[PDB]
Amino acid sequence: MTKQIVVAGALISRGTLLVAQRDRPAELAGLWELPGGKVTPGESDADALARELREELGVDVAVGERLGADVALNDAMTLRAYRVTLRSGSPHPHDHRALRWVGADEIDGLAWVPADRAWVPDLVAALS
């Protein structure tokens, strides 16, 4: 068996990180994540992530290098983050409850969705 991929983006602008507050499902609603979503059939990781961020945030990004380690979300799925940079737009929460730009001092204490917490040191490092 092979695992489905979920891609997430670490958008850093002016030394701060975009985080996004989920509105669904109930178990994650109110918690914060790196925005992204499931890769659909035929898509590269970059294609999927750029599409998700265009849909969720209304921005065009360039997809860069991996950020941190892959995370086993559950027995079916693997979550991967990439550094992304803003080419065009201001993020807007189409799907999320809220967005926030956070600096290094606000990464550890943020109410992360459980899976994304694994990336805290990587995110702090990328910001420092």
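Note that residue numbering begins at 1 and tracks the sequence as displayed.
Between the stretches 116 to 124 and 18 to 26, it is 116 to 124 that shows the larger average CA temperature factor. Note on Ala50, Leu57, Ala72, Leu31: the highest value goes to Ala72, judged by CA B factor as recorded. Sort the chain's modelled residues by C-alpha temperature factor and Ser44 lands in the lowest third, per the entry.
Per the PDB record, residue ranking by Cα B-factor puts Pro35 in the lowest third of the chain. Sort the modelled residues of the chain by CA B factor and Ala10 lands in the lowest third. When all modelled residues of the chain are sorted by CA temperature factor, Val102 is found within the middle third.
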